[PDB]
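Since the structure comes first, as structure tokens, the remarks are kept for the end.
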Amino acid sequence: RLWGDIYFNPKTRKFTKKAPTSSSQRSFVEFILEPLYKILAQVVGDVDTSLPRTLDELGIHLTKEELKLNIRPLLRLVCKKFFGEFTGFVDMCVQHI
Amino acid sequence: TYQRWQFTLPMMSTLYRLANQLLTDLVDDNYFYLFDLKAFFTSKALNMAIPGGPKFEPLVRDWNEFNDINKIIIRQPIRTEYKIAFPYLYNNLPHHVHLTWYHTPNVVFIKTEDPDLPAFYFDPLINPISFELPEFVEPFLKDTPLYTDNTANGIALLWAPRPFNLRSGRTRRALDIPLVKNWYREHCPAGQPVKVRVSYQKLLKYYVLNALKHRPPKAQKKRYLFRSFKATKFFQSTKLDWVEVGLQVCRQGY
Amino acid sequence: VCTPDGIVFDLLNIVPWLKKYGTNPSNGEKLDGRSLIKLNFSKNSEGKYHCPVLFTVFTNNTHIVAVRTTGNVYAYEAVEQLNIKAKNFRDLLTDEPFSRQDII
Amino acid sequence: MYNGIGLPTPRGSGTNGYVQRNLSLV
Amino acid sequence: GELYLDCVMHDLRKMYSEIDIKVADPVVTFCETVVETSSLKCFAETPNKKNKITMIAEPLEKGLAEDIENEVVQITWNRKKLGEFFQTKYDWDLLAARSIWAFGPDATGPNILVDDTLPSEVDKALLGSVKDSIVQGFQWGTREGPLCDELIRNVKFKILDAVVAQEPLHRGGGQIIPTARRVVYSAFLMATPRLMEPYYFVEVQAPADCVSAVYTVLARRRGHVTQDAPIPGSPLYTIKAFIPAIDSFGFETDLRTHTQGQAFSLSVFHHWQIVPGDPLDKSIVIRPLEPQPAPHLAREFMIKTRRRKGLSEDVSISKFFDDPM
Amino acid sequence: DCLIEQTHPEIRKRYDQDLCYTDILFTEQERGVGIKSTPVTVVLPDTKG
Amino acid sequence: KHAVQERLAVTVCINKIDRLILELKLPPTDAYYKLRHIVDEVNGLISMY
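Residue numbers (the authors' numbering), protein chains in the order written: chain A, 342 to 438; chain B, 224 to 284, 292 to 360, 378 to 501; chain C, 53 to 156; chain D, 1 to 26; chain E, 633 to 957; chain F, 147 to 195; chain G, 244 to 292.
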């Protein structure tokens, strides 16, 4: 249900192919891109203020020396801790190759 | 001791904004296509001169069929730039030649003039494109906003020139920060007079010679002259105005 | 006329030379005049030397081969492509058969 | 020495070594 | 390409040898075609003065050479299937569709060898014996090429006529093959021949303000622009063009130089095309170091290539005719 | 490079420039462009494990 | 075209998605539209060949 013109109705808790309101977000946008835009924006914009709160909310823990990295190594580190191993690639290659 | 610093990101954006008169407006490297160090090294080794670039002393200092002129199809001339770019193809004898970086993909980064726009915005420079879940689950990071006030600035610092691109570092010596090195590492602007145009070439020349001749520092037994002086009873120590000390230096030399 | 070794040169100059000196100019070794093999070079319509079968005009760069028994001269391409591949050893202009020793 | 024209060094030539293209070519 | 050969020269000088190696300037390979059908019948007769072959030459249909190359049609097929293909796509005659002997130079080469002698075709008890001999001659001719010792592209040779000598020992096979390549060359030269040079396909991406400069650079190099387009969702445009391969040397260097590193291009081989001239025009004066006008490129390429291989100076349309003296 | 990093625990990127692990030539490292194809053989897990 | 004609299975990976967020700075909906455009154009190229 996470691609295409499907949408989400949060009162029904169910995926509709018709948009619940006029101003609504597709499922891919609301479940995949939106947290991705929020992860990268909290990292590059708010490493000092509110990256600790966001890393708590995702469950990721970083040491004190890791938070002292510059933005590009820090972002690579946070995304390695969030996405983990590249199993989606391996699934894609197992199922279809 | 003043040896290490670490700054927050509003500090870095304020400093980056206040320093922009001295800084470059390039985001990627492709501006220096045949104007990088490696091009200048190759050019020096082949005794050829890129039109804006420095000129050096040459490094190297029969009837034949292979060189004959009846066999040549002169379609375009071979410029000197081509011989810098593909040095093994267009040169007989390339000695001490460096291969240059081929290409880096274009940074399509979009500057924001006005802060009242959202951070994530479709700029008019961009060409237009054209089963049940539990009640507890939500999208990840549903509480947090998409962007803050700091977001456009924080993205702006990713594509900034050094030392702006960092959060922390070691303090540097004041003299060791030239502040104009980037101005002569670019092309001389158009329409400038001859003396200024030549000036640019000489500054690049010295830049290329320091980069060639560099060998890494020899690990030696350091000695400290002033610590030896302060260990004696003959040297006392104090705190003075710079002008006061300067006057003393002038008087003592006399 | 050609020597068996492969040196080609004119009759009118060699014959008095053999009478005066028993030998051949190219080498120290002496050569009996009978051993000289006559060579025949075909002409184009314009008058240049060509390979009789391939019609290629002879140049200082072309590869030129003669058959000892018959004396005709072909571009090495024709001899190769025809005789070394197709395992006949007949001459191309005449059916005279030649052995591989003869090719020079 | 750009485009295979000019002195490899102007030093000891007695001149500055400035080179321009011939304007009277046809 | 330039980058490819730069890497090859790097390896050849530094790792696979220790040698100083001189390199010539780059040049391209050419091909040879005709634009017309041959004005005369072209006959050639063997040494044993009895067997005589006559051909003509004519230019193929335009999708067809591509079709043989892409291998949508194959010699492998049985004859009726082959006939069906030609009939179905190129409005081709049935008698013509029966007539196809092979393709040249290789099994999938863009040339066709065609029979066109119906009343003596019932000499197939004999002419079939000189099938393979003739076909080797065809292949050898279409690999060599009289005009510039290069491949012949996109032509069809028709045997109008045959006279054979019914003793197998008398004709042999070693004498039909050179006679075959000599008719091939005569038929080629009598149809008015042309040279073909490769054309590269070039895709550039650039900012908007540099696009005009791309138009400039191509214009100095006989290139022209197929398509000019923005890229959806990016601030960059894409220009697509064709350029001859001989004009491509240093093309990307000049393109990045004239646009401050912003334009970048990649070039790849796309198709063959006709060099603008009559290659056999003896009136044409070629001074040795100047560039040439567009009227006489073909002459100047042909001539210079024959020097470079070391071939003969001169070719005339009657070169391979048999001598009536 | 990402995959190798994941599989080999001690081989890491240098924080500022990337290792191009699979470019193993001094020419590809200087010139910045892939020239020659390079094989890797690794063992990877899926979502199941 | 070359992979299809050499008879192989094809799977696609759309790399460098940070360029959408950290360079072009597109709103997430327009990121969706651009990704959808790319997957459509690959489908069109395959159905051509």
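Yeah, the Cβ is synthetic: ideal placement off N, Cα and C, and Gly gets one too.
Check: For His102 (chain C), the three-state DSSP class (helix, strand or coil); Outcome: strand
Check: Own chain partners of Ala926 (chain E) with C-beta closer than 6 Å, once the 5 adjacent residues on each side are dropped; Outcome: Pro908
Check: Pairwise C-alpha distance: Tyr318 (chain B) and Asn270 (chain B); Outcome: 15 Å
Check: Members of the stretch 406-435 of chain B near chain A, C-beta cut-off 7 Å; Outcome: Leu413, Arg414, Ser415
Check: Residues in the stretch 378-396 of chain A having any Cβ partner in chain F nearer than 7 Å; Outcome: none
Check: Interface flag, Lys355 (chain A) vs chain B, CB-CB below 7 Å; Outcome: yes
Check: N-terminal and C-terminal residue of the beta strand (DSSP E) that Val836 (chain E) is part of; Outcome: 825-838
Check: Three-state secondary structure (DSSP) of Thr485 (chain B); Outcome: coil
Check: Classification of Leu868 (chain E) by the beta-carbon crowding that lies within 10 angstroms, buried from 16 upward; Outcome: buried
Check: The stretch 253-273 of chain G: positions lying closer than 9 Å to chain E by Cβ; Outcome: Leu263, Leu267, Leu269, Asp273
Check: Contact under 7 Å by Cβ, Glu776 (chain E) with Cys663 (chain E); Outcome: no
Check: Partner residues on chain G for residue 444 (chain A), Cβ-Cβ distance less than 8 Å; Outcome: Past the edges of chain A, shown from 342 to 438, lies residue 444 (chain A), and the structure says nothing about it.
Check: Alpha-carbon spacing of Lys379 (chain A) relative to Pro392 (chain B), whole angstroms; Outcome: 7 Å
Check: According to DSSP, residues forming a beta bridge with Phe356 (chain A); Outcome: A:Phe349
Check: Contact set for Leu145 (chain C): own chain, Cβ-Cβ below 8 Å, skip 5 residues either direction; Outcome: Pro104, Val105, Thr122, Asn124
Check: Collapsed DSSP secondary structure at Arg262 (chain G) in the structure displayed; Outcome: helix
Check: Sheet register partners of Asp747 (chain E) (DSSP bridge); Outcome: E:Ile791
Check: Residues that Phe339 (chain B) contacts on chain G, provided the C-beta gap is smaller than 9 Å; Outcome: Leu265, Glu266, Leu267, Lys268
Check: Contact with chain B by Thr15 (chain D), beta-carbon distance below 7 Å; Outcome: no
Check: Under 8 Å by beta carbon: chain E residues contacting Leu134 (chain C); Outcome: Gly806, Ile809, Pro810
Check: Residue-level contact to chain G via CB, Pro927 (chain E), 7 Å cutoff; Outcome: no
Check: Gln229 (chain B) in three-state terms, based on DSSP; Outcome: strand
Check: Whole-Å CB distance - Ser866 (chain E) paired with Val338 (chain B), under 8 Å assumed; Outcome: 6 Å
Check: Proximity winner among B:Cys435, B:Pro281, B:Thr334, relative to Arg177 (chain F) (alpha-carbon distances); Outcome: B:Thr334
Check: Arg417 (chain B) - containing beta strand (DSSP E), residue span; Outcome: 415-417
Check: Spatial distance of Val667 (chain E) from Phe718 (chain E) (CA atoms); Outcome: 21 Å
Check: 7 Å Cβ cutoff, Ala437 (chain B) in contact with chain D; Outcome: no
Check: Proximity of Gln798 (chain E) and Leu758 (chain E) at Cβ, strictly below 7 Å; Outcome: yes
Check: Three-state class that DSSP yields for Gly400 (chain A) in the structure shown; Outcome: coil
Check: Min CB distance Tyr292 (chain G) to chain A below 7 Å; Outcome: no
Check: Contact under 7 Å by Cβ, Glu932 (chain E) with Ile918 (chain E); Outcome: yes
Check: Check whether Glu311 (chain B) and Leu257 (chain B) have beta carbons under 7 Å apart; Outcome: yes
Check: Local Cβ density within 10 Å of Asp886 (chain E), reported as buried at 16 or more and exposed below that; Outcome: buried
Check: Reduced DSSP category for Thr720 (chain E) - H, G, I as helix; E, B as strand; rest coil; Outcome: helix
Check: Residue 959 (chain E) burial status per 10 Å Cβ neighbour count (16 or more: buried); Outcome: No answer is possible for residue 959 (chain E): the residues shown for chain E start at 633 and end at 957.
Check: Reduced DSSP category for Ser899 (chain E) - H, G, I as helix; E, B as strand; rest coil; Outcome: strand
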